[PDB]
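Presented as structure tokens, the chain that follows is alone, the form deposited in one PDB entry.
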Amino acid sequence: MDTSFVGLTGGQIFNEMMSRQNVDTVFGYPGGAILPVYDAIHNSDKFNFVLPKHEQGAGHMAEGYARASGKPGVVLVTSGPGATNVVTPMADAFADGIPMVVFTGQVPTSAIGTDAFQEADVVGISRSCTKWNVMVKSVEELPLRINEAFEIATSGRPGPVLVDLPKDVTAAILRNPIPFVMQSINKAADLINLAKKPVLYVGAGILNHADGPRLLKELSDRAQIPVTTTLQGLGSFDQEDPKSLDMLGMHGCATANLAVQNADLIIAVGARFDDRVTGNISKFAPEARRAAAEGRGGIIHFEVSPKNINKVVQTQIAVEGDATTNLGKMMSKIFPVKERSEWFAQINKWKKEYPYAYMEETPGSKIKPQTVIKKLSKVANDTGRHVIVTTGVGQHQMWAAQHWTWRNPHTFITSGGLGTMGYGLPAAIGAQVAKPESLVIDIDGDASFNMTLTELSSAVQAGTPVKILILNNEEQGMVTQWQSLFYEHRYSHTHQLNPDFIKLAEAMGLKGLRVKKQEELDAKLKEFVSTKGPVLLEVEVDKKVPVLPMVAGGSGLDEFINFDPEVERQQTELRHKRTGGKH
């Protein structure tokens, strides 16, 4: 038995447990039910505390922190509204597999089920958006539940867990002492050595191991296999390398999508074949299916969660467990490929004919959002500092993914599964806390920013010099794009009235910069990244600009729509006509 906790309150035990769990930062907001814990951590030197203005902010900050550090994000909020306010961050973390331990205060056990003040069935509400949750029933089991929580949140596919803490439990004083894969790997190696047009389809899974990108590069080099990544995989592969296919999917480049449709063997590494990547499932990877029917190729899936194997598409070989680990074991079984003339020739043909094209700036026209990303990408890189990027949700998010040059793992923190608008700012703040020395940039949209802009003041109080970039098109761009394309340009409530972003930033205690003219863009971006403290830069960009290429509806990854200058001009005329000149 152990007695190192005897005599301590549940809250004090919590304080100690954070230390034992190597927790160096806690994001939270106090409240009545959780007071016993806040009293115990008052002026605690075991970890730093970050106070947001809204619990949702604490949640997304914790996700940002976890994404940039690899450590679980710890949240501490009160009962009722405190707990319900973190449901979105949990659902978000659940969708993207982010390690997060949410601690929610709860009314006394003697008040549960009586419709008590600020009481909510948090365990029930968060059941579908947590890998596991529980309500601590006594101080004796607090250490155990805390240990199980951290373990579960960081095992298998990382995810969020919730621990409900009744007020009487955290106030209570502890009085008494307390207590085959190899086979798949072999077949996988043979299939690869037998592939004539292989493709590595890499996702976030490869980033869950410090050696992930290293081994990925090793395999790519050894077998000379081109690599394409999902949105969440960006950064795991050097895009400067000739073997990089860039991003695939709904808004991925043509090369990446075509290679996937013509590949005889798809090597899926830490990717779940979500509906934003596969396109029309029945049309997905036609050549791989043909190679599978001929026993000369198909799909190999390195997946840690059995539930995600054969969930979307039938695979030929499944390698269960950590991807990085299994890739290391298979390495030696892989035959060094000299070169793939034909494969690389076809791929390079596509790259030269299908680049991320778009309507560039013309004399007197407004600034193009794509151009802003390309310029900022270079300006940021030229600082020589470690750069981390977060984003909101929408077009600006896709443009950031496409036009930025990814080379470093854990440098792109964006909401993909749930796609939570407002993620940008709080995520950046969290990331900055995790990497104090890094340059953290939040590439945001005006609508997304409006969702959680109150956290600007939190950036100041937390001492996080985040760089907030707002690509202002005065519209919910991603939605208007769908409205333009699928709903005859009927913009139904997709234009919110924006506040003055510069005056807002200043009101919040940040420096505010704005750019309207092309001739001032370069200087503004430079001043932006070189500013010492937190700063916000608003760039007025062109409106109703579609993100291309694009695969939607029943279209296959190869049935994408590409950019065409003449088509854009025709759409503009049609749009003006249908909106009476309003848009």
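Between two forms, the rigid core is defined as the largest C-alpha subset superposing within 1.5 Å. Residue positions are given as counts along the sequence shown, with the first one as 1.
According to the entry, the deposited sequence places 10 or more unmodelled residues between residue 179 and residue 180. Checked against the record, the higher mean CA B factor of 122 to 130 and 363 to 371 lies with 363 to 371.
When the two stretches 550 to 558 and 64 to 72 are set side by side, the higher mean Cα temperature factor goes to 550 to 558. Set against one another, the Cα B-factors of 283, 435, 490, 511 in the record reach their highest point at 283.
Note on 145, 272, 196, 403: the highest value goes to 196, judged by CA B factor as recorded. In the deposited entry, the Cα temperature factor of residue 410 sits in the middle third of values across the chain's modelled residues. Among the modelled residues of its chain, residue 251 has a C-alpha B-factor that falls in the middle third according to the deposited record. Residue-level temperature factors show residue 164 in the lowest third of its chain, judged at the C-alpha atom. Ranked by Cα temperature factor within the chain, residue 170 sits in the lowest third according to the deposited record. Residue-level temperature factors show residue 335 in the highest third of its chain, judged at the C-alpha atom.
What comes next is about the form deposited in another entry, which is not displayed.
No residue in 407, 489, 145, 375 other than 489 shows a CA shift of 2 angstroms or more between the shown form and the other one after fitting the rigid core. Superposed on the core, the two forms barely differ at residue 450: its CA moves less than 2 Å between the shown form and the other one. Once both forms are fitted on their core, a CA shift of 2 Å or more is seen for residue 475 between the shown form and the other one.
Cα of residue 482 to Cα of residue 88: at least 3 Å longer in the other form than in the shown structure. A shift of at least 3 angstroms pushes the Cα atoms of residue 485 and residue 231 further from each other in the other form than in the displayed structure.
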